[PDB]
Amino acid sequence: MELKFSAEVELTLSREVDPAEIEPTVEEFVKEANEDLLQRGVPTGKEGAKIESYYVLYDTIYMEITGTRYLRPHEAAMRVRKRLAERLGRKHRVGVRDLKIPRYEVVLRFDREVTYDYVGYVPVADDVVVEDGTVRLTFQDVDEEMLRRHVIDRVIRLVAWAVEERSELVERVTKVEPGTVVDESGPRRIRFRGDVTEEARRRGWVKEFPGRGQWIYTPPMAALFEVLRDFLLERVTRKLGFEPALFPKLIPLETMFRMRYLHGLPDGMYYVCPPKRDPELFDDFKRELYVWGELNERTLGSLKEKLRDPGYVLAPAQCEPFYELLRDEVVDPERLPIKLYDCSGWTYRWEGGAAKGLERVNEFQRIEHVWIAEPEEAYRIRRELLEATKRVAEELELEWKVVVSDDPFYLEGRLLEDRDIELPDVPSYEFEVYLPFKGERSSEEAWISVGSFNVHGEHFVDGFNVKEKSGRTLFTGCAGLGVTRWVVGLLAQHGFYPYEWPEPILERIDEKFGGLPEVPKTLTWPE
């Protein structure tokens, strides 16, 4: 892919000028610039920058400057500015007050067939033209900030990526085919065929909440949840010696950005905006509310105006605060490993659609284990964790498989292929549990993931600038257990009649709850 730049540069002189007196100097400069300055740094076989033309108006000198990857037009402009202004200053007592790039054009010549639909959306350009297997990108009024931040450079990288069809996902990193079953519990005799959501709605173990994806869990359901969770903490989390933590469920949009998670699933998160400072805006709002007496376009639009820009996301990962914890810190193997868990609250995923599954919800509860160590140690914690969980699933008499996770959570986007970092051969494993009411065991939709076990390699260690004293390689990982999910699976397999639930569960129910609590019936509702 040949790549060629052309810029319209404008040098604004300190005062008006009579060009005829100036040109002699510009001509001389330009000629010697093309010969020397704009060939400097260019490798022997290649082309640099040339000032292709110039002209002098009363305020300005206008230049056509062309470039190559070896020397780019604005870098050229930089080399020219300071110099041509010293000459102008010495010869004519005139400087260059400002320098601007009204038009900056880049042409990418392809061997591949290209058309608009191949390219797609091009983020920063004012024009995109595709012709003759060529992409002409034009940028108006280019800031020094764009240039410093290599914004155009990345646009180019993008357009290349978009044309080369790299977007087809077998192109992705994981070494082992997802779906691949590492481990299996053979089938248990099949004890319950009932539909957990429908049955739970029936008996009112959940009542549907007004918001999409959400539910109210009434006491029998909640008692199950409590002990199920407590039993998980006892058998796995606490047994493997993870120490407790309280992590924020409200996560700064910038933490999301550092993780690259924002790049990955921007459409699967909820966004959160806080209120503006000025208390009178809300005095006024309160007034609009009273007068309209409802939420409508007017009041709801007026609400938006009193809000700030979105600065947070309701936490989907559930492990984020941990990288903020280690951020910019330096570790010693005597301080390693670090193993924390958090069971504080609800974790959110926005899925659009019929939200009607109890097995897939927007608001869920999970135990998040999180850890950092040298990578041999790093991968063992995940192994132990898996073995730990397998044993629990057995104690809960559940049918389960462990398979290679289909996609990395923090990998769920692509062009991040831009960096370079050390990654595990198998980033993510899923602990799946069979739900009989969904179909025969062969069917992948009859299994839900009740937990994911991930080694991250160096990914977050890098973005959060976590280092080791020596400089040893550091790895992180997280595992988490959707307890909401484990509950559904327990019901799906063992059914709703409590005396047929697993032993450790009955005991927990009885001791803490004195029997399985009953639905808070009304006359109308439970039905």
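Note that residue numbering begins at 1 and tracks the sequence as displayed.
- As listed in the deposited structure, the average C-alpha B-factor of 431-439 and of 265-273 is greater for 431-439.
- Between the stretches 133-141 and 188-196, it is 188-196 that shows the larger average CA temperature factor.
- Based on the entry's C-alpha B-factors, the most elevated value among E86, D406, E288, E320 belongs to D406.
- Of the candidates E324, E75, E363, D418, the one whose C-alpha carries the top B factor in the deposited record is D418.
- Among the modelled residues of its chain, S302 has a C-alpha B-factor that falls in the middle third according to the deposited record.
- Ranked against the other modelled residues of its chain, the C-alpha B-factor of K100 as given in the entry falls in the lowest third.
- Sort the modelled residues of the chain by CA B factor and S449 lands in the middle third.
- In this PDB entry, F231 carries a Cα temperature factor that places it within the highest third of its chain's modelled residues.
- Among all modelled residues in this chain, the alpha-carbon of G495 has a temperature factor (C-alpha) in the highest third.
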